[PDB]
Number of protein chains: 6
Amino acid sequence: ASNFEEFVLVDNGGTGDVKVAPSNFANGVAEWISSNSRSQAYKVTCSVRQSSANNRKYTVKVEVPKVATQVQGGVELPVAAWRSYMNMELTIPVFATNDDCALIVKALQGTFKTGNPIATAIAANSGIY
Amino acid sequence: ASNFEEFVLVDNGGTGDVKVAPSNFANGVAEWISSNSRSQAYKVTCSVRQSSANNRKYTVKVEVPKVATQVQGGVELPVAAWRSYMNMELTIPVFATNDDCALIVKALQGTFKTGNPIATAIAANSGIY
Amino acid sequence: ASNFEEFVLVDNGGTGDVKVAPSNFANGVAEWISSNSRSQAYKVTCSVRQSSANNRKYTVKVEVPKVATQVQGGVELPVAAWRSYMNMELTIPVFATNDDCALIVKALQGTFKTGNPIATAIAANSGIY
Amino acid sequence: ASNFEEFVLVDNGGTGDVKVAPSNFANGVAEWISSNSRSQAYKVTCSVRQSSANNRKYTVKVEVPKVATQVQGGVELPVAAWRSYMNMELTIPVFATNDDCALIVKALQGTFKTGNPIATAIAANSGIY
Amino acid sequence: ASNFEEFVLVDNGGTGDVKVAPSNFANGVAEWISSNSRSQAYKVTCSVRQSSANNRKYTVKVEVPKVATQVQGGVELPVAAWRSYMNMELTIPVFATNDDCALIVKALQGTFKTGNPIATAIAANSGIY
Amino acid sequence: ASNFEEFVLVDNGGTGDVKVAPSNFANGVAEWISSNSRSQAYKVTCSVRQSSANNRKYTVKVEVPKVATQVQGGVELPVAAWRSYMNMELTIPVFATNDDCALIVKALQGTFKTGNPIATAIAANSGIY
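A chain's residues are numbered here from 1, following its sequence as written, a convention that may not match the entry; residues for which no coordinates exist are omitted. Chain A is the first chain written and ligand 1 is the first ligand written, with later ones labelled in order. Only some chains of a larger assembly appear here, and every value describes just that portion. To obtain the side-chain values, all non-hydrogen atoms of the structure were included, while hydrogens and water were left out.

Structure determination for this entry, per the PDB record, employed X-ray crystallography and reached 3.5 Å resolution.

Spelled out as structure tokens, the structure:
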């Protein structure tokens, strides 16, 4: 089996889906890259490292690119105009049963689900109010 | 309006929902607390701070608690046996149009959606393979 | 194929089979664990590295946990009272054909078959004599 | 009991099985061997000793020939092209009851049994994937 | 996709083709091997990693036996008389679109294809003239 | 014979085949280039040197150019926006017969055949997985 698999980061269902794929799995760092020029790929990575005696820590980052064409001295190139970076750390005890993990997950999803206040704020370039 | 509102962090639909609510909004730090003893509440926070000249940065953390009862010298108390901590930073340019934000969001959701490899790994206390 | 797959390490007929799943493959160690909290799981790992120019080495490890619930600071936690460790190292010439390997495997099994003396004495808290 | 007796290390159905007999018990180390030039022999050895004041250790080793193209009786150099070596340490807590050992054994059995991934990979001269 | 699958490395028309299968994926390095003593096997491996912040690198290697007078199964020393090694680095700019890569591939194909001079010379144990 | 000959590195049916010609043989590197300005040509090179007393090494390199016109000091010049580099090293025992070589060649081709996974992933901005 694997879970080191291709998947959709972005889902605007059926059409402009941004799919990401196994690039490489260097040092307990799994790298997922969207297709096309790396210069404007999306990227996701993850790792789990044991930190304290009681803790494991996942570390996940995501890169979303604004796409564009750089033109310089009459040479056009695919570049990212900029990128935004999400990056996170999750700590889970050792005593975490599987059910616990589940729960956690849900909480994460939970925070970011559309309509819930984080999720909305970000999408508005806005804060809380 | 507000977006500083109550909401569900955890959704196992209809029944054991973990709902979180406005606690306080101290210094550009919005705090959301589940009900009951704070000693075993879930918690979410967020802030947006402008960091560089071109960047805004959201900072979000979530705390999920393993609930239990501490008993000591015949006194029982509601405590968390432990907690796991998620915590993250998202950086978004200034040039981010609203549509861009949207996209980002989706990517985040995307990473954490059940079945996608992160999401699964965490829930298994597992890594990539 | 992808031989990386779950299997049952402990065959107790059908009732409480300690079955073990893939969990991590970071850095070329294949990790499989049971379905418990990390504080408690069975665990298996495997790896091969190419030692002299004439051999390879498989390295396999097995962790068996005696389970329980300990009370630290008046709270109860899942934990192992102790563990037993198996540890093994195997070296095969390069020139070993596929058949040659099979042999090994069988032999291995031979060693450990229920009723064959090693197998016995281990399980009897005994020495061979 | 008395364990030290012949057994079948390799069970080739009913025919061209290799039984391994007692060959030496010097130093409380049990030696079993097939019937061959020592160059070519299958050999098994095993010893328990107490190690930490919390553990005991069974120490088991198996040597298996390369048989493919082998020439019975020959001076086949260099020996290390011709043999694969197995090596094992099993650490078993002092508290383990007899049952606990059974379990252990089985776990071993488990890891190794045909069609389970270790087993398969060894025999295919393979890694995990 | 999922790429990691068996293929035919050597296409001997339809008969005595050598297919090469997945054998190891440790460290995100893809290993394919024929079905042989490792001494005698065909093997292919491949890895991408990002190198400069302008380049990526695929790193590909192929090992091919000397088969003439070969003795299947044997201890054939010294190994390096018996195998030819191929080695490759492909450096691909970050800007390359998927098409650009296609092209590249083809160029490779090109250099190598039967009846084109590299190809011919290798196979004649030859130089260019 | 004189295998030093032009050939088509890039087979695009019949329409814009990047065909490459002999250009230089100075110092035992065989150079072939496309028909562009030197600032822009595809290029291939090859050489063999006699490494240990037991092997030879072919060294082949391929240069693929992404073409364009840059304006330096308000004048336009033909130039490559970037290049991709292929680089390869091959080692054959001395004892390789002619057949043995053929094998190599084919294998090589095997690697890189359109649809066989290396070939694929390269062209897909992907890793094998």
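Still more ground to cover, so stick around.
In terms of regular secondary structure, chain A is built from two helices and six strands. Put simply, chain A runs from its N terminus to its C terminus through helices and strands in the order β-β-β-β-β-β-α-α. Put simply, the radius of gyration uses C-alpha atoms, and a globule should come to 2.2 Å times the residue count raised to 0.38. The C-alpha atoms of chain A give a radius of gyration of 18 Å, which is well past the 14 Å a tight globule of 129 residues would have. Over its C-alpha atoms, taken along the principal directions, chain A stretches across nearly 60 × 40 × 30 Å. Note on contacts: a residue pair is in contact if any heavy atoms of the two residues lie within 4.5 Å. Sequence-distant contacts in chain A: of pairs separated by 6 or more residues, those separated by 24 or more amount to 31%. Of the side chains in chain A, 11 bear a positive and 10 a negative charge, and the two mean positions are spaced by 6 Å. The helix and strand labels rest on DSSP assignments: H or I over at least four residues marks a helix, E over at least two residues marks a strand, and numbering proceeds from the N terminus. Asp and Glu are treated as the negative residues and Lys and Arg as the positive ones, with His and the ends of the chain left uncounted. Charged groups are reduced to one reference atom each: NZ for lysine, CZ for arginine, CG for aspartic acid, CD for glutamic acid.

Looking at the secondary structure, you find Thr-45 of chain A in strand 4 (residues 43-50). Ignoring sequence-local partners within four residues, the contact set of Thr-45 of chain A consists of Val-29, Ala-30, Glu-31, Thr-59, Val-60 and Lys-61 of chain A.

Now for the sheet that holds strand 2 (residues 18-25) of chain A. Strands are labelled as partners when DSSP assigns at least two bridges between them. The 12 strands are arranged 1(A)-2(A)-3(A)-4(A)-5(A)-6(A)-6(B)-5(B)-4(B)-3(B)-2(B)-1(B) in an open sheet whose pairing can be described as antiparallel. With one partner strand each, in any of the chains shown, strand 1 (7-10) of chain A together with strand 1 (7-10) of chain B form the two edges of the open sheet. Strand-to-strand twist across the sheet, computed as the mean angle between neighbouring axes with direction ignored, equals 25 degrees. Looking at chain direction, strand 3 (residues 30-34) of chain B and strand 4 (residues 43-50) of chain B are connected through four bridges and run antiparallel. Each residue of the ladder has a partner; that of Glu-31 of chain B, found in strand 4 of chain B, is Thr-45 of chain B. Note on definitions: angles span 0 to 180 degrees between N-to-C directions of axes, and those axes are lines fitted to C-alpha atoms, for helices only across the stretch in contact. Against the sheet, helix 1 (residues 98-112) of chain A touches strand 6 (75-93) of chain A together with strand 1, strand 4, strand 5 (55-72) and strand 6 (75-93) of chain B, its axis set at about 150 degrees to strand 1 of chain B. Lying over the sheet, helix 1 (residues 98-112) of chain B contacts strand 1, strand 4, strand 5 (55-72) and strand 6 of chain A together with strand 6 of chain B, oriented at roughly 150 degrees with respect to strand 1 of chain A.

On to the environment of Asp-99 of chain F, then. All names here are of chain F. Checked against the element boundaries, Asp-99 lands in helix 1 (residues 98-112). Owing to a relative accessible area of 57%, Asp-99 belongs among the exposed residues under this scheme. For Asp-99 and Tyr-42, which are 57 residues apart along the polypeptide, the C-alpha to C-alpha distance reads 31 Å. Classification of residues uses two cut-offs on accessible area relative to the type maximum, computed with a 1.4 Å probe and protein chains only: under 20% is buried, over 50% is exposed, and between them is partly exposed.

With that out of the way, let us pick up the side chain of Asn-116 of chain A. Following the sequence through the fold, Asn-116 of chain A ends up in the loop between helix 1 and helix 2 (117-123). Within 3.5 Å is the distance limit for a polar contact, defined as a pair of N or O atoms, with the added protein rule that one can donate a hydrogen and the other accept it, and that residues adjacent in sequence qualify only through two side-chain atoms. From its side chain, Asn-116 of chain A meets the backbone oxygen of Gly-110 of chain A in a polar contact 3.2 Å long. The residues touching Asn-116 of chain A, leaving out its near neighbours within four places in the chain, are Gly-110 and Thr-111 of chain A together with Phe-7 and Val-8 of chain B.

For the rest of this paragraph, the subject is the pairing of strand 2 (residues 18-24) of chain F. All names here are of chain F. Looking at chain direction, strand 1 (residues 7-10) and strand 2 are connected through three bridges and run antiparallel. Within strand 2, the residue paired with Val-8 across the bridge is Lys-19. As paired elements, strand 2 and strand 3 (residues 30-33) share three bridges and run antiparallel to each other. What sits directly across from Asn-24, in strand 3, is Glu-31. Counted between consecutive antiparallel strands, the loop separating strand 2 from strand 3 contains five residues, among which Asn-27 sits at a positive phi close to 65 degrees.

The next subject is the interface of chain C and chain B. Between chain C and chain B, the residue contacts involve 13 residues of the former and 13 residues of the latter. Buried area is calculated as the accessible area (1.4 Å probe) missing from two parts once they are joined, with the contributions of both summed. In total, about 840 Å² of surface goes out of reach between chain C and chain B, with carbon and sulfur atoms giving 51% of it. Sorting the residues of chain C by area buried against chain B places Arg-38, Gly-74 and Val-75 of chain C first, and these three jointly supply 40% of that buried surface. For this document, the term salt bridge refers to a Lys or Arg side-chain nitrogen within 4 Å of an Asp or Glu carboxyl oxygen. For the pair chain C and chain B, the interface holds zero salt bridges. Where chain C packs against chain B, one counts five residue pairs in polar contact. Of all the secondary-structure elements, those providing two or more residues to the side of chain C that touches chain B are strand 2 (18-24) and strand 6 (75-93) of chain C. When residues of the side of chain C that touches chain B are assigned to their parent elements, the largest contribution, three residues, is made by strand 2 of chain C. Residue composition of the side of chain C that touches chain B, grouped by class: seven nonpolar, five polar and one charged. Residue polarity is assigned by list, with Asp, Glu, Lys and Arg as charged and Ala, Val, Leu, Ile, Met, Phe, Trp, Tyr, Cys and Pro as nonpolar; anything else, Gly included, falls into the polar class.

Our next topic: the interface of chain D and chain C. Contacts between the two partners involve 71 residues from chain D and, on the opposite side, 69 residues from chain C. In this assembly, chain D packs against chain C so that about 6,100 Å² is buried in total across both faces, 66% of it on carbon and sulfur atoms. At the boundary of chain D and chain C, one finds two salt bridges. Taken together, the connections running from chain D to chain C amount to 23 residue pairs in polar contact. Of all the secondary-structure elements, those providing two or more residues to the side of chain D that touches chain C are strand 1 (7-10), strand 3 (30-33), strand 4 (43-50), strand 5 (55-65), strand 6 (83-93), helix 1 (98-112) and helix 2 (117-123) of chain D.

Residues and elements named next belong to chain D. Omega for the peptide link from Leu-77 to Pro-78 comes to 15 degrees, which places this bond in the cis form. One non-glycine residue, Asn-27, lies in the positive phi region at around 70 degrees. Of note, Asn-27 is situated in the loop between strand 2 (18-24) and strand 3.

Take helix 1 of chain D next. Residues and elements named next belong to chain D. For helix 1, with 15 residues, the first-to-last C-alpha span of 22 Å sits near the 21 Å given by 1.5 Å per residue. Restricting attention to buried positions, one finds in helix 1 the residues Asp-100, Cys-101, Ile-104, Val-105, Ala-107, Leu-108, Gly-110, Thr-111 and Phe-112. Structurally, the start of helix 1 carries an N-cap: the backbone nitrogen of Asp-99 is 2.9 Å from a side-chain oxygen of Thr-97. Multiplying one less than the number of residues by 1.5 Å gives the expected span of a helix.

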